[PDB]
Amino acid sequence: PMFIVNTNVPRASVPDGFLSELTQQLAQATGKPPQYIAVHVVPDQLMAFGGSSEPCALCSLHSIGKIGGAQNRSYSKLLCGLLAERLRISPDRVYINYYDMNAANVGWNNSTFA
């Protein structure tokens, strides 16, 4: 599972432990071992959401499976919750794109997961 968050929130406002918390909570949510979870936080971005530049985030979650109607609603509750708590971003200023990747289309360690 790979989670990326792009946000206009300043780097200094990203708290200690945020990548670790994301990793741990994604492990819990996706059922995957933390050793295979990747997280990427990109602060200080030039962004607007609804035409304004109050704190916002554009995110993506890629996963081989564990993507679907109910699962994505659960991820969104979790991830918006963390963004609101830790980065003070309102959940209604967050988009998260979910991608169900075919194992043959994810490269790792000189090969793919197929």
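From 1 onward, residues are counted along the sequence shown.
- Checked against the record, the higher mean CA B factor of 23-31 and 77-85 lies with 23-31.
- The stretch 66-74 shows the higher mean C-alpha B-factor when 66-74 is compared against 44-52 in the entry.
- Compared with the other modelled residues of the chain, the Cα B-factor recorded for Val14 ranks in the highest third.
- Residue-level temperature factors show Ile4 in the lowest third of its chain, judged at the C-alpha atom.
- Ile96: CA B factor lies in the lowest third for its chain, per the PDB record.
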